[PDB]
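Below you'll find the structure, written out as structure tokens, and then a few comments.
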Amino acid sequence: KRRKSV
Amino acid sequence: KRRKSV
Amino acid sequence: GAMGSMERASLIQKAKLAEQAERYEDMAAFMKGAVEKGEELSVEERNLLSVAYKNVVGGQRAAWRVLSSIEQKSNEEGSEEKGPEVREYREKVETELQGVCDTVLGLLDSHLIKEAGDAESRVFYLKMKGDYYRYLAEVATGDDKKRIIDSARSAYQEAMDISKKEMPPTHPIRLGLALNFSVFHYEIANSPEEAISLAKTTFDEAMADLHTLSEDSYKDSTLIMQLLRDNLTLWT
Amino acid sequence: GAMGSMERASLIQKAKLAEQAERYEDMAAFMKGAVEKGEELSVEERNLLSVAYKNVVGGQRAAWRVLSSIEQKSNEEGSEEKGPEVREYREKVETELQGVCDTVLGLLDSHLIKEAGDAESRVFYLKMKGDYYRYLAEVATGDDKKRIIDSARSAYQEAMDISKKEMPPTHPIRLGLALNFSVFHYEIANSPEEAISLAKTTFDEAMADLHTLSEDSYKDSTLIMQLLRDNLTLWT
Ligand SMILES: C=CC(C)(C)OC[C@H]1O[C@H](O[C@@H]2C3=C([C@H](C)COC(C)=O)C[C@H](O)[C@]3(C)/C=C3/[C@@H](COC)CC[C@H]3[C@@H](C)[C@H]2O)[C@H](O)[C@@H](OC(C)=O)[C@@H]1O
Ligand SMILES: C=CC(C)(C)OC[C@H]1O[C@H](O[C@@H]2C3=C([C@H](C)COC(C)=O)C[C@H](O)[C@]3(C)/C=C3/[C@@H](COC)CC[C@H]3[C@@H](C)[C@H]2O)[C@H](O)[C@@H](OC(C)=O)[C@@H]1O
Ligand SMILES: [Cl-]
Ligand SMILES: [Cl-]
Ligand SMILES: [Mg+2]
Ligand SMILES: [Mg+2]
Ligand SMILES: [Mg+2]
Ligand SMILES: [Mg+2]
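Protein chains in written order, with PDB author numbering: chain P, 369 to 374; chain P', 369 to 374; chain A, -4 to 231; chain A', -4 to 231. A prime marks a further copy of an entry chain.
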């Protein structure tokens, strides 16, 4: 549900 | 796998 | 201080916010401040106190076990010497975990246990006292090991004696106390037969009293009862 | 200090132990000590540094969002006044999170970015600089908001310019930079079209270069590529 970052 | 405590 | 300047009620409100945020170190600091106000804790407040420290020390214990396992492998035959750093870092985590246990034991000794007169509060705090001595016993390896174990045993035993006299066999605190005292027997005191007997008897006495309970109480009691069952299944 | 007295190699060894123990605050303190030794970091060391702080700040950001949501509900019509404690505690978490971001930005400015000459190190540190300004932008609400956003943009833009010139389109750092700059466009800079275009183009350019890769590299590139796909699916 939450956008991805890395 | 690990015994329970509370 | 550092919580001396904050209202008791504000400390309680912030502990509940820290719980929602899973900020358990903050939650524990807020509840320590609340205890230091000097007034007795309500049932809800005691549960906040215990949850906070249980989570803090739980994370430290899990880390200690990871580091202790690494350290143990480093001491086996054919393991390459890597120097002092594993022991140093395990000791660092260990000392912090000891400090948290001493903090909790200090709150219990100053002055939660002495002012606790109802069974639900007295048994709860003596169970905490047993639990935090038990956590000290998990990492103890020196000349105070037996005394630390004794202290855990003594606290749990007084809590057991009060709970059997003053609480129904289904009471969650009585069930949780028995669960943990049973773990103490199995893992700390080298008494797996006593651990199994205690968990069995506890579970069976609770099952026989479920008929007295409302639907909500039944759900509360059966949850800890399943933890007892989980340990019996593991140990037998 | 407080890591000044510990050997660089011992700090690195302990950071890896803290990582195994999921003790990310310790891991970050050890890596901060390692950076402060003054020598450039290897690729493995840079990854330890970034993992440590990413986890520390990640926990603080998640807590901040829980508290901000509570605070926002408290400010809606028909909500009961509960006093200053929600704002106070959100501010407390916010200030700690700001302090961690300022710590990371300080390490990058003293002197990781200036000594980083190879593209893999320079792009990595400029991506970190963009990320920690972006985390500052997530909680900024005052007169420095635009400047904080600008600083994130500027860092990411310099990292993008170097990565496009000096790295293959499949390089994990280039892919991760693009993923995060795209999130910056979508969530911080109010530019969802630019976020979607960047994630699309990135993914497509990487797909076209997969043929050059060994089986191990292919797995590395396709993993971040799936995060880009996840955001495209969410946003379109
Ligand atoms: C949810 C967090 C807060 C608000 C802090 O409350 C924790 C919990 O507080 C109560 O539960 C206690 C309680 C626990 C319950 C077993 C949790 O039950 C459920 C259904 O989640 C575990 C907690 O750590 C806590 C507070 C601790 C103890 C333990 C304390 O020893 C010193 C002895 C057993 C257990 C007792 C005190 C339980 O009554 C409640 O009865 C639980 O509510 C429900 C519906 O089960 C609630 O989740
Ligand atoms: C496992 C922990 C340690 C030892 C710290 O390494 C973290 C990871 O370090 C490397 O992966 C990096 C890396 C990540 C990979 C995407 C993780 O991949 C897998 C398969 O788990 C996430 C990490 O946070 C890390 C270090 C960070 C970045 C990010 C840094 O921006 C400043 C840009 C993208 C990504 C790059 C640098 C990845 O190369 C490795 O290539 C990963 O190894 C494998 C098999 O994928 C390893 O898990
Ligand atoms: Cl150490
Ligand atoms: Cl606060
Ligand atoms: Mg007052
Ligand atoms: Mg009674
Ligand atoms: Mg040296
Ligand atoms: Mg190149």
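Positions of the beta carbon are idealized from the N, C-alpha and C atoms, including for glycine.
Whether residue i touches residue j by CB criterion (8 Å)
i                 : j                 : result
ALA58 (chain A')  : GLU17 (chain A)   : yes
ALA201 (chain A') : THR231 (chain A') : no
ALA10 (chain A')  : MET22 (chain A')  : yes
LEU193 (chain A') : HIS180 (chain A') : yes
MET(-2) (chain A) : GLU31 (chain A)   : yes
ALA150 (chain A') : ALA132 (chain A') : no
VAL374 (chain P') : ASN175 (chain A)  : yes
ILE157 (chain A') : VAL118 (chain A') : yes
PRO167 (chain A') : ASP215 (chain A') : yes
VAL61 (chain A')  : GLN15 (chain A)   : yes
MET26 (chain A')  : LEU44 (chain A')  : yes
Nearest-angstrom beta carbon gap, residue j and residue i [assumed within contact, 8 Å]
i                : j                 : result
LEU92 (chain A') : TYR128 (chain A') : Contact flag wrong, Cβ pair sits at about 13 Å.
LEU223 (chain A) : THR207 (chain A)  : No, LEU223 (chain A) and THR207 (chain A) are not in contact; Cβ-Cβ is about 19 Å, not under 8 Å.
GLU35 (chain A)  : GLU115 (chain A)  : Incorrect: roughly 12 Å between the Cβ atoms, too far for contact.
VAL46 (chain A)  : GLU20 (chain A)   : Rounded, the Cβ-Cβ distance is 12 Å, inconsistent with contact.
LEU6 (chain A)   : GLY33 (chain A)   : In fact, because the Cβ distance is near 13 Å, the residues do not count as touching under 8 Å.
Spatial distance of residue i from residue j (CA atoms)
i                  : j                 : result
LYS195 (chain A)   : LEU227 (chain A)  : 7 Å
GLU75 (chain A')   : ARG370 (chain P)  : 30 Å
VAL99 (chain A')   : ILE219 (chain A)  : 44 Å
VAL95 (chain A')   : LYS140 (chain A') : 18 Å
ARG142 (chain A)   : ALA173 (chain A') : 59 Å
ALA184 (chain A)   : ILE144 (chain A)  : 7 Å
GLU161 (chain A)   : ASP113 (chain A)  : 9 Å
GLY53 (chain A)    : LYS68 (chain A')  : 32 Å
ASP97 (chain A')   : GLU40 (chain A')  : 20 Å
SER177 (chain A')  : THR217 (chain A') : 17 Å
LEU229 (chain A')  : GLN221 (chain A') : 12 Å
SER37 (chain A')   : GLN8 (chain A')   : 14 Å
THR90 (chain A)    : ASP104 (chain A') : 34 Å
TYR213 (chain A')  : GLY101 (chain A)  : 56 Å
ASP225 (chain A')  : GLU182 (chain A') : 15 Å
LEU205 (chain A')  : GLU188 (chain A') : 26 Å
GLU72 (chain A')   : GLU80 (chain A')  : 19 Å
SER63 (chain A')   : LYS49 (chain A')  : 20 Å
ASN70 (chain A')   : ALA190 (chain A') : 31 Å
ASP126 (chain A)   : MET155 (chain A)  : 13 Å
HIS106 (chain A)   : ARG56 (chain A)   : 26 Å
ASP211 (chain A)   : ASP199 (chain A)  : 20 Å
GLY137 (chain A')  : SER209 (chain A)  : 54 Å
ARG82 (chain A)    : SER186 (chain A)  : 29 Å
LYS77 (chain A')   : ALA24 (chain A)   : 21 Å
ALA203 (chain A)   : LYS372 (chain P)  : 51 Å
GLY(-4) (chain A') : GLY(-4) (chain A) : 27 Å
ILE108 (chain A')  : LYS159 (chain A') : 18 Å
Would the region 116 to 123 of chain A' count as touching the region 76 to 94 of chain A' if we require 3 or more Cβ pairs under 8 Å? no
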